[PDB]
Amino acid sequence: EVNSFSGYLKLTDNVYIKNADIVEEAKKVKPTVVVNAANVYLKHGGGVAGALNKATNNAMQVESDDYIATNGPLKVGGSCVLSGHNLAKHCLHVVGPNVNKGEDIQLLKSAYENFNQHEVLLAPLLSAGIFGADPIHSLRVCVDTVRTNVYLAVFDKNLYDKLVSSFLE
Ligand SMILES: CC(=O)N1[C@@H]2CC[C@H]1c1c(ncnc1N[C@H](c1ccc3c(c1)S(=O)(=O)CCC3)C(C)C)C2
């Protein structure tokens with residue numbers, strides 16, 4: 001079955017959240033789209049990007065290198081649609097701002113706007129973790145920006161509980 005999301009808690013009409021590893025969810029669910037928390041050169045060296053790349057056994061990286069060769073880098077707030085390989089039908093590579101490297105938090109709304117071109121997505125919390133944005137603020141931006149159906153996988157129970165407590169739904 002496609003998009004077989006299970007165990008999510010519905011926060012709003014179109015945003016759901018689960019304490020889970022996004023790669024494990026991609027393998028179980030088989031979604032139409034998995035979102036990658038990418039950088040502008042599509043180099044998947046660690047974190048969510050490294051984990052998704054490793055589960056495709058480097059097929060994501062080879063295809064990403066070919067995208068960059070022909071099209072050039074993305075911009076912060078921008079995206080591209082590539083194959084999802086064995087994890088999903090497509091991978092939506094989205095570049096949120098890295099506030100730990102000085103990029104502007106205003107581009108986080110632009111980053112989430114890319115999700116609106118896909119009816120259903122499995123995604124991570126953009127710009128959270130090593131990108132340095134306040135994860136609770138990133139969830140508020142997601143809720144206010146995304147209008148399609150988004151299932152967020154957040155792999156830290158401590159953070160998940162703080163997000164659910166802040167949201168109160
Ligand atoms: C095994 C493991 O701990 N994980 C893998 C890959 C990373 C971690 C993980 C997995 N699935 C979902 N959220 C995860 N981490 C969250 C998260 C959310 C967004 C971002 C990152 C991290 S990042 O990679 O640090 C920078 C890009 C944006 C974290 C906040 C708990 C699966």
# chains A, B, ... in the order shown; residues from 1 in each chain; ligands from 1
>>> residues_around(residues="stretch 140-146 of chain A", least_positions_apart="5", cutoff="9 Å", atoms="only C-alpha atoms", output="compact mmCIF listing (two decimals) with C-alpha atoms, in the first residue's frame")
# COMPACT_ATOMS: atom_id res chain seq x y z
CA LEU A 11 -1.51 18.36 14.75
CA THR A 12 -3.55 20.32 12.18
CA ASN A 14 -2.63 18.79 7.10
CA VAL A 15 0.38 18.31 9.49
CA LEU A 108 12.68 29.05 6.05
CA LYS A 109 9.16 30.07 4.83
CA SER A 110 10.47 29.85 1.19
CA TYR A 112 8.58 25.02 3.27
CA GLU A 113 6.70 26.60 0.32
CA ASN A 114 8.31 23.94 -1.95
CA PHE A 115 6.33 21.20 -0.15
CA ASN A 116 3.09 22.68 -1.63
CA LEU A 125 11.87 19.39 10.43
CA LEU A 126 13.74 21.88 8.18
CA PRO A 135 12.99 23.51 16.08
CA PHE A 167 1.56 22.80 19.79
>>> residues_near_ligand(ligand="ligand 1", cutoff="8 Å", atoms="only C-alpha atoms and all ligand atoms", output="list in words")
residues 20, 21, 22, 23, 24, 37, 38, 46, 47, 48, 49, 50, 51, 52, 124, 125, 126, 127, 128, 129, 130, 131, 132, 135, 153, 154, 155, 156 and 159 of chain A
>>> write_last_selection(atoms="N, CA, C and O atoms", output="mmCIF file, in the first residue's frame")
data_model
loop_
_atom_site.group_PDB
_atom_site.id
_atom_site.type_symbol
_atom_site.label_atom_id
_atom_site.label_comp_id
_atom_site.auth_asym_id
_atom_site.auth_seq_id
_atom_site.Cartn_x
_atom_site.Cartn_y
_atom_site.Cartn_z
ATOM 1 N N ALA A 20 10.244 9.245 15.012
ATOM 2 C CA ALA A 20 10.734 8.124 14.207
ATOM 3 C C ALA A 20 11.879 8.559 13.300
ATOM 4 O O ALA A 20 12.066 9.744 13.066
ATOM 5 N N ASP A 21 12.702 7.586 12.893
ATOM 6 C CA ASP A 21 13.840 7.762 11.997
ATOM 7 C C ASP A 21 13.261 7.879 10.567
ATOM 8 O O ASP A 21 12.578 6.950 10.137
ATOM 9 N N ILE A 22 13.511 9.008 9.847
ATOM 10 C CA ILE A 22 12.951 9.229 8.498
ATOM 11 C C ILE A 22 13.324 8.128 7.475
ATOM 12 O O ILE A 22 12.512 7.815 6.622
ATOM 13 N N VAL A 23 14.508 7.502 7.611
ATOM 14 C CA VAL A 23 14.918 6.439 6.698
ATOM 15 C C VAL A 23 14.114 5.198 6.936
ATOM 16 O O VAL A 23 13.689 4.550 5.976
ATOM 17 N N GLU A 24 13.902 4.845 8.216
ATOM 18 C CA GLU A 24 13.098 3.676 8.562
ATOM 19 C C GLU A 24 11.664 3.894 8.113
ATOM 20 O O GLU A 24 11.052 2.983 7.562
ATOM 21 N N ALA A 37 16.739 17.123 3.676
ATOM 22 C CA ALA A 37 17.185 18.417 4.204
ATOM 23 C C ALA A 37 18.564 18.622 3.560
ATOM 24 O O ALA A 37 19.619 18.213 4.088
ATOM 25 N N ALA A 38 18.539 19.175 2.353
ATOM 26 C CA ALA A 38 19.732 19.331 1.522
ATOM 27 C C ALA A 38 20.514 20.646 1.734
ATOM 28 O O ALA A 38 20.082 21.557 2.458
ATOM 29 N N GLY A 46 26.220 14.084 5.850
ATOM 30 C CA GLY A 46 25.835 13.714 7.204
ATOM 31 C C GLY A 46 24.406 14.069 7.522
ATOM 32 O O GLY A 46 23.679 14.593 6.681
ATOM 33 N N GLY A 47 24.004 13.782 8.752
ATOM 34 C CA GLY A 47 22.650 14.073 9.195
ATOM 35 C C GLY A 47 21.591 13.366 8.378
ATOM 36 O O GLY A 47 21.806 12.234 7.926
ATOM 37 N N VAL A 48 20.455 14.039 8.154
ATOM 38 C CA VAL A 48 19.374 13.426 7.384
ATOM 39 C C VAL A 48 19.839 13.074 5.949
ATOM 40 O O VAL A 48 19.624 11.936 5.460
ATOM 41 N N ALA A 49 20.549 14.003 5.318
ATOM 42 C CA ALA A 49 20.986 13.789 3.919
ATOM 43 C C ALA A 49 21.932 12.567 3.777
ATOM 44 O O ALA A 49 21.751 11.716 2.893
ATOM 45 N N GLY A 50 22.915 12.479 4.665
ATOM 46 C CA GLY A 50 23.856 11.361 4.706
ATOM 47 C C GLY A 50 23.117 10.050 4.924
ATOM 48 O O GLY A 50 23.389 9.078 4.221
ATOM 49 N N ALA A 51 22.129 10.025 5.865
ATOM 50 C CA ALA A 51 21.361 8.828 6.149
ATOM 51 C C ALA A 51 20.519 8.353 4.985
ATOM 52 O O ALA A 51 20.568 7.172 4.616
ATOM 53 N N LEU A 52 19.801 9.278 4.325
ATOM 54 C CA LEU A 52 19.008 8.932 3.142
ATOM 55 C C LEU A 52 19.963 8.431 2.022
ATOM 56 O O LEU A 52 19.691 7.411 1.393
ATOM 57 N N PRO A 124 11.567 15.762 7.106
ATOM 58 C CA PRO A 124 12.178 16.129 8.388
ATOM 59 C C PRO A 124 11.792 17.595 8.787
ATOM 60 O O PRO A 124 11.264 18.361 7.960
ATOM 61 N N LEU A 125 12.090 17.986 10.019
ATOM 62 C CA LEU A 125 11.871 19.394 10.428
ATOM 63 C C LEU A 125 13.000 20.232 9.806
ATOM 64 O O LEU A 125 14.158 20.080 10.213
ATOM 65 N N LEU A 126 12.682 21.128 8.853
ATOM 66 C CA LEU A 126 13.737 21.879 8.180
ATOM 67 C C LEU A 126 14.559 22.777 9.093
ATOM 68 O O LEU A 126 14.026 23.447 9.999
ATOM 69 N N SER A 127 15.862 22.836 8.787
ATOM 70 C CA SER A 127 16.795 23.732 9.459
ATOM 71 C C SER A 127 17.009 23.408 10.950
ATOM 72 O O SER A 127 17.689 24.178 11.632
ATOM 73 N N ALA A 128 16.465 22.278 11.442
ATOM 74 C CA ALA A 128 16.648 21.868 12.846
ATOM 75 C C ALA A 128 18.013 21.083 12.962
ATOM 76 O O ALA A 128 18.781 21.059 11.986
ATOM 77 N N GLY A 129 18.355 20.525 14.137
ATOM 78 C CA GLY A 129 19.630 19.824 14.275
ATOM 79 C C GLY A 129 20.821 20.723 14.008
ATOM 80 O O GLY A 129 20.827 21.881 14.437
ATOM 81 N N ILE A 130 21.787 20.240 13.221
ATOM 82 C CA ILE A 130 23.025 21.003 13.008
ATOM 83 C C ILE A 130 22.858 22.290 12.170
ATOM 84 O O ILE A 130 23.763 23.120 12.205
ATOM 85 N N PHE A 131 21.712 22.496 11.478
ATOM 86 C CA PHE A 131 21.474 23.784 10.803
ATOM 87 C C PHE A 131 21.183 24.931 11.825
ATOM 88 O O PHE A 131 21.240 26.098 11.457
ATOM 89 N N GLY A 132 20.887 24.601 13.079
ATOM 90 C CA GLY A 132 20.778 25.600 14.139
ATOM 91 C C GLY A 132 19.518 26.409 14.381
ATOM 92 O O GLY A 132 19.521 27.237 15.295
ATOM 93 N N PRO A 135 13.901 24.531 16.643
ATOM 94 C CA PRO A 135 12.990 23.509 16.079
ATOM 95 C C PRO A 135 11.518 23.824 16.287
ATOM 96 O O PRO A 135 10.692 23.482 15.419
ATOM 97 N N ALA A 153 8.809 13.292 10.484
ATOM 98 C CA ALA A 153 9.448 12.245 11.296
ATOM 99 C C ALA A 153 10.546 12.922 12.076
ATOM 100 O O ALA A 153 11.471 13.448 11.435
ATOM 101 N N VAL A 154 10.425 12.988 13.443
ATOM 102 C CA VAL A 154 11.417 13.675 14.277
ATOM 103 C C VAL A 154 12.049 12.633 15.200
ATOM 104 O O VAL A 154 11.358 12.131 16.075
ATOM 105 N N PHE A 155 13.312 12.281 14.977
ATOM 106 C CA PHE A 155 13.935 11.161 15.671
ATOM 107 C C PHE A 155 14.667 11.530 16.960
ATOM 108 O O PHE A 155 15.883 11.317 17.096
ATOM 109 N N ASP A 156 13.923 12.076 17.893
ATOM 110 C CA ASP A 156 14.392 12.446 19.231
ATOM 111 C C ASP A 156 13.129 12.563 20.028
ATOM 112 O O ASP A 156 12.343 13.476 19.780
ATOM 113 N N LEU A 159 12.736 15.972 21.888
ATOM 114 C CA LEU A 159 12.301 17.082 21.031
ATOM 115 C C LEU A 159 10.858 16.902 20.645
ATOM 116 O O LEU A 159 10.082 17.844 20.746
#
>>> closest_residue(among="A:29, A:42, A:121, A:163", to="residue A:136", atoms="only C-alpha atoms")
A:163
>>> select_by_dssp(residues="stretch 96-168 of chain A", states="helix (DSSP H, G or I)", output="ChimeraX atom specification")
/A:99-101,107-117,129-131,135-145,157-167
>>> write_last_selection(atoms="C-alpha atoms", output="tab-separated table (two decimals), in the first residue's frame")
chain	number	residue	atom	x	y	z
A	99	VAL	CA	21.54	29.76	10.85
A	100	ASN	CA	24.68	28.18	12.48
A	101	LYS	CA	26.53	29.28	9.25
A	107	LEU	CA	14.20	31.87	3.94
A	108	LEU	CA	12.68	29.05	6.05
A	109	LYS	CA	9.16	30.07	4.83
A	110	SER	CA	10.47	29.85	1.19
A	111	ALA	CA	11.93	26.40	1.94
A	112	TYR	CA	8.58	25.02	3.27
A	113	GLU	CA	6.70	26.60	0.32
A	114	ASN	CA	8.31	23.94	-1.95
A	115	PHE	CA	6.33	21.20	-0.15
A	116	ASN	CA	3.09	22.68	-1.63
A	117	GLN	CA	3.80	21.21	-5.13
A	129	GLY	CA	19.63	19.82	14.27
A	130	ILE	CA	23.03	21.00	13.01
A	131	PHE	CA	21.47	23.78	10.80
A	135	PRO	CA	12.99	23.51	16.08
A	136	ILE	CA	9.76	24.83	17.65
A	137	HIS	CA	9.86	27.93	15.36
A	138	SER	CA	10.51	25.59	12.36
A	139	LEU	CA	7.34	23.61	13.25
A	140	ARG	CA	5.34	26.89	13.46
A	141	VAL	CA	6.63	27.91	9.98
A	142	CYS	CA	5.67	24.46	8.65
A	143	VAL	CA	2.16	24.68	10.09
A	144	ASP	CA	1.61	28.23	8.71
A	145	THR	CA	3.10	27.52	5.27
A	157	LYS	CA	11.70	11.70	21.81
A	158	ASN	CA	12.81	14.68	23.96
A	159	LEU	CA	12.30	17.08	21.03
A	160	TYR	CA	9.09	15.35	19.87
A	161	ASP	CA	7.58	15.82	23.37
A	162	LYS	CA	8.55	19.53	23.44
A	163	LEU	CA	7.02	20.02	19.96
A	164	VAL	CA	3.75	18.27	20.89
A	165	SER	CA	3.60	20.22	24.20
A	166	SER	CA	4.17	23.58	22.43
A	167	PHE	CA	1.56	22.80	19.79
>>> closest_residue(among="A:55, A:34, A:26, A:40", to="residue A:73", atoms="only C-alpha atoms")
A:40
>>> atom_distance(atom1="atom CA of residue A:169", atom2="atom CA of residue A:134")
19.4 Å
>>> select_by_dssp(residues="stretch 49-82 of chain A", states="strand (DSSP E)", output="list in words")
residues 79, 80, 81 and 82 of chain A
>>> write_last_selection(atoms="N, CA, C and O atoms", output="short mmCIF file (atom, residue, chain, number, x, y, z; two decimals), in the first residue's frame")
data_model
loop_
_atom_site.label_atom_id
_atom_site.label_comp_id
_atom_site.auth_asym_id
_atom_site.auth_seq_id
_atom_site.Cartn_x
_atom_site.Cartn_y
_atom_site.Cartn_z
N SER A 79 14.55 24.32 -4.21
CA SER A 79 14.42 22.88 -4.24
C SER A 79 14.55 22.29 -5.62
O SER A 79 14.40 23.00 -6.62
N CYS A 80 14.71 20.96 -5.67
CA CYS A 80 14.61 20.22 -6.89
C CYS A 80 14.02 18.86 -6.59
O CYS A 80 14.18 18.33 -5.49
N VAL A 81 13.32 18.29 -7.59
CA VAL A 81 12.74 16.95 -7.53
C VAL A 81 13.63 15.97 -8.28
O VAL A 81 13.81 16.10 -9.51
N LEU A 82 14.10 14.93 -7.58
CA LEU A 82 14.91 13.87 -8.15
C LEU A 82 14.32 12.50 -7.80
O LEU A 82 13.26 12.44 -7.16
#
